[PDB]
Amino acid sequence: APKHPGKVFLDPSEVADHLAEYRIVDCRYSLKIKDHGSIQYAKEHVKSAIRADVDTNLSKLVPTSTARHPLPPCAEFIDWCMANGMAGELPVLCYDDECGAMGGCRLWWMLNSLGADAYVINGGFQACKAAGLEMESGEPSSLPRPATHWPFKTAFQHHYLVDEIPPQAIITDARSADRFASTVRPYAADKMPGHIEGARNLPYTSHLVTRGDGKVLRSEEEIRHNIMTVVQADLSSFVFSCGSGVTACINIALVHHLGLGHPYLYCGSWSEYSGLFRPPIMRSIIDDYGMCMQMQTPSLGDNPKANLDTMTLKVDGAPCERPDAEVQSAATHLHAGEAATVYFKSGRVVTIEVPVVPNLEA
């Protein structure tokens, strides 16, 4: 059945003169840039490629869930697949602009869980431009081609919803080490510091090297060495997760590709988990570290750290030249421009805001 048995990744070199043989899907997405990928798939895209929207096609936000990219209802996703000719006449070839980690492997995961044939391009769109692949622009007004029969499974396979995760399942976490190892305050998109207890961190960036102006995969032995840091040969029963179930898909993909098995996905991931179990999570943080923070702004980990020699903080909404020792302690964890509500083990609650730039007279 499958075009490339055992594979999920493919270099441009393996596909460049065999393009027509795939249904190509542009899964470009950015966590921060508004309408990215729809803006970028217009400027330029691989010829004959249609586009998948991480937010609206590959997931469906629910009001009753903090999950950031939960699986969409399967019937809705399959409907969308058929409408776009992704129903098994050709194998799907997915790409994004972070080597599969940021949209591509997610689509791959979904198609594969249904029993369909799909692959991801090593190196993404950048390694498509930089390999001389045929390009097109704007909205193509030619050939989608709807399918009317569905030969594949009807429900996504080999994934656990939160309550289905066995109590002592081995869980990995694809998020950056900074996020994983966060104590009293979160970074990037996370609302809660920490991770699922017992989880093993396998930062997905570890498998990637920035050849050109985009990441490509590190070598196979390098990726195998990466994967081995969370083992201790068949990881099919591990539960792979991240912040919202997107980056975890490359960890599952690389494991699959290298022949090491096919781990469960926990799609809801930390965004879901930390929302559902917010109370006990906050109590352990307060217990372990003396305080827990809830951000009132986006996190600004790349901004300058708060420095009380050059800055006066706004505490509970007023400039505060006399910050007591607790506030001063909390502020060592904050950055220029951030605001956070801090819950101290004492029962004390304070809001602290750091000025965007040094603001002390002297």
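Position 1 is the first residue in the sequence shown; the rest follow in order.
Unmodelled deposited residues between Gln232 and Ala233, binned: In the deposited sequence, 4 to 9 residues between these two have no coordinates.
234 to 242 versus 86 to 94 - which carries the larger mean C-alpha B factor in the record: On average, C-alpha B-factors are higher across 86 to 94.
Mean Cα B-factor comparison, 134 to 142 or 158 to 166, giving the higher one as deposited: Between 158 to 166 and 134 to 142, it is 134 to 142.
Residue with maximal Cα B-factor (values as given in the PDB entry) among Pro63, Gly301, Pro70, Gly337: The C-alpha B-factor peaks, among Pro63, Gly301, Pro70, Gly337, at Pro63.
Modelled-residue ranking by C-alpha temperature factor, third containing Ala330: Lowest third, going by the recorded CA B-factors of the chain.
Modelled-residue ranking by C-alpha temperature factor, third containing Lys129: As the PDB entry reports it, the C-alpha B-factor of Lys129 lands in the highest third of its chain.
Third assignment of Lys215 from its chain's C-alpha B-factors: Its C-alpha B-factor belongs to the highest third of this chain's values.
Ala147 - which third its CA temperature factor falls in, relative to the rest of the chain: Tercile = highest for this residue's CA B-factor.
Within-chain third of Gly275 by Cα B-factor, per the entry: Tercile = lowest for this residue's CA B-factor.
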